[PDB]
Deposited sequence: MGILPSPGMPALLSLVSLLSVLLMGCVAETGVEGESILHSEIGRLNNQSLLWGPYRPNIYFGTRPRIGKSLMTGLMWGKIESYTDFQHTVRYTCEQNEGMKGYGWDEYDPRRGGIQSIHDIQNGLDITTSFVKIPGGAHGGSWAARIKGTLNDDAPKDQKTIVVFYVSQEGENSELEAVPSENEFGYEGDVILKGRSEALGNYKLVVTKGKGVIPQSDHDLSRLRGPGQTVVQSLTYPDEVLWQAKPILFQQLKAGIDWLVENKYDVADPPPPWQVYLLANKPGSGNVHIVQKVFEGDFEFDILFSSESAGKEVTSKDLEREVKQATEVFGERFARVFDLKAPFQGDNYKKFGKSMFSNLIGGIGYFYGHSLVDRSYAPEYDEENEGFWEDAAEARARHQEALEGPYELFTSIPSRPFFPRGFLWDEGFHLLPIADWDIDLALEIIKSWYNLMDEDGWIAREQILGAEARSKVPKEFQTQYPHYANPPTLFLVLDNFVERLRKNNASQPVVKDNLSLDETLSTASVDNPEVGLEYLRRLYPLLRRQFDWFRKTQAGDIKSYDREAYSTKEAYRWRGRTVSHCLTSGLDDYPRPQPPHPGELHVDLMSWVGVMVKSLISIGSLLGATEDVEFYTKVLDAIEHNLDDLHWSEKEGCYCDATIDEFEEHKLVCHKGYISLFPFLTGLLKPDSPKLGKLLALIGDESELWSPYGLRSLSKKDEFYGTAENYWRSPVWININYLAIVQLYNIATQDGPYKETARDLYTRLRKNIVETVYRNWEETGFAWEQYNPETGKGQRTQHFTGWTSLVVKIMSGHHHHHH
């Protein structure tokens, strides 16, 4: 039955618009298969279309905004795109229709409406690009009746082992098709839909833009060769209309030119299902998905006072839909330095220079292929998996669809190597690499990242203890299903725990360090003079200089998170021997957090280092790091330490801004210095952990219940309202928020853990 649910989840989730790196395209969760993508741009001249055409996601002055209005990966959704440069408001509706043996069928409607600014007779070129990878598969465009191109729909027939037989139709669509009266029309037609069918080696089919341009350039070369010149040139849009040549190939370019508003459909029909998908079917299933989305949202994300109003509901739906709509399927090789150079142990003073030297050996090489099914932080700026971000992404997604979240967890843990390492940034294949400078592609097996995916796991466990609808909760509704999933994952969780303790160990015994346990101590590998990227808090101030005797209180707290999860899950699995070990490790971390990291003078936790005189020294920088044992849920509700931490949290002169908790204290000497990434701004992920922990204290008997209740109420409101006001005013989720002005800054489209606001509004943790 676990096996049954697994197959039903696979069939359910196989198709989607799982290419979040582009405005609109589709692919199945299969490495080498059929992929589609949309391009469009206005053409007003002989040289502008190369500058207007849209394909990969960006965000700049020429794009007002874009994102998912509603989305559910089992069903589909609606995206809206507001393009200033191209004078167009675009809607892309995508819907799935279950049936057959190959993961079902799907449809999309592409609709473009000129805005008030655009010339009414604007010419817009639209391309639907279709590629298929694999050795034993076929795809063919059925030729036109007409001489020069298509009057009606374009039908592609194809076949593969993974998809069986299928057909993909691009419908005639609606809108004016310009007509040229030029001489050229005698040879290229007056203006009509055209199809070019081509082949390239499979590994370059993702390069849709260059492939299209090479075809456009050959058309223009033909014009030049055939005496079409500047004394009497065809119109631009006709110069850029490809010569029709359908056929067999692994690339099919379908092009239309429209004057004024337009729409057309894409109908994918899996032969192994019922009759073929129609436009009427598209429209009916779009209506139905929206109805279902609405009902699930109101149930799963019932927003509490004072956020029950329709404005906050719209906001919550946008924030949530952009998060879950960012899910992608990635496939390909990764760049990894597998030298395990000894410089990477970082055992000496000045280790950063030796690690640099080792990196300058450039021993990294491609490996894989790997696949990953994950939500992402940023469509325009970094559309790929990031390890600790995903833990936050899945917190709302798990509310919506626990089976979906488990599927993504499983995907990530399937990357883990024999040692217990998962690379913190997952850049899979040439297409993903195209968004990343080569200097930042290489992954390092000694680089960790926070194990936030355990938080999602903790939520799953608590729900386990206490057809699309069915599937979405199948792993909690059937406890034997959920337990088996845990049974299979548990070893990898355990491997990861051991990997942390083996590779991220700090040094107690080699110095004059007294502590309850001689084992429990941790130091993030990979730090440079000004950064600790592996911690996730890139430039939060750390001991200077970096030092092999450093100890990091956030890392120890994360190990605490892991061991508590392992206790819960071990207990579930009857892993008695494992659990007693975990228990002693927890006890030891609890004491060592105090003995190595607590500052009585400063009234908070601090990272530690080793002096010029070889002595343990605390290095206090009041900010997120200082609160870590509290944030990660390690402290008793009566802890006097917790009480002081609550005082720091609520202190306007330190962390408390009207807009959320500042990452660093205004009193800290590094407040707002250098790049000021984690040295003042308000970050939603850490504010979220604070909110959840304050609520926990607020809803139990204890000495700090009322303090926590007040702080909870206000921080919740502060954080929600800052994200909401910014979204209202800009249309975007931002990476972080300015604590003096409240304004969103750094990158836009960060959905991304900023989307946690939907769960903060939902409340009742």
Report summary line: Per the record, deposited positions without any C-alpha are 1-37, 504-516, 816-819
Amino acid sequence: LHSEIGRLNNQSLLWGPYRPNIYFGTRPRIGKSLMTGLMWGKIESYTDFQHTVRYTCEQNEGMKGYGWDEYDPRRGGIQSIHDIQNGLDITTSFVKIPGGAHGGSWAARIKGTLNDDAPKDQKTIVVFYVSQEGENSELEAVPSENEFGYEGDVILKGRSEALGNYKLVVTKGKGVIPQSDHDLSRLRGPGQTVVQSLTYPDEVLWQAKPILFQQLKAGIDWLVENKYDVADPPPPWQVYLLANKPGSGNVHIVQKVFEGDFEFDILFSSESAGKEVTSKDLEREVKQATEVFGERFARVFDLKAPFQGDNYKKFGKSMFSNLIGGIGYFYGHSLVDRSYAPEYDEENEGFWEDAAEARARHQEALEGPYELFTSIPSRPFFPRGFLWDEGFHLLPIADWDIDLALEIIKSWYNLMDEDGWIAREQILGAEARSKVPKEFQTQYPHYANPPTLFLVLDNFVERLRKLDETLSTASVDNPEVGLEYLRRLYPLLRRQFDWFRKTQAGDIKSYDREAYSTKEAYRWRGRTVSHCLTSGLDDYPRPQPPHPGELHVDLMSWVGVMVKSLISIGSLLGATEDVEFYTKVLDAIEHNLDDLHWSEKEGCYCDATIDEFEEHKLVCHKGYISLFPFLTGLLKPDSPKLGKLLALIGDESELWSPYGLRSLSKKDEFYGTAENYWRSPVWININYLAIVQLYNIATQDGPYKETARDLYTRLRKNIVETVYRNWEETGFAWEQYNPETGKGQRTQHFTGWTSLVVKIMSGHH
From here on, numbers count along this sequence of modelled residues.
Report task. Quick one: say whether 442-450 or 141-149 has the higher mean Cα B-factor in the deposited entry. Result -> 141-149
Requested in this report: Read off the CA B-factors in the entry, average them over 469-477 and over 127-135, and name the higher stretch.
Outcome: 469-477
Query raised in the report: Per the PDB entry, which option out of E390, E271, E425, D554 has the greatest Cα B factor?
Result: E271
Query raised in the report: At the C-alpha atoms, which of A101, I408, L88, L212 reaches the highest B-factor in this entry?
Result: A101
Report summary line: Split the chain's modelled residues into thirds by Cα B-factor; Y624 lands in the lowest
Report task. Consider only the C-alpha atoms of the modelled residues in this chain, order them by B-factor as the entry records it, and name the third containing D710: lowest, middle or highest. Result -> highest
Query raised in the report: For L537, does the deposited CA B-factor place it in the lowest, middle or highest third of the chain?
Result: lowest
**Report entry** Chain thirds of CA B-factor: placement of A358
**Finding:** lowest
Report summary line: The third of the chain into which the C-alpha temperature factor of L1 falls is the highest
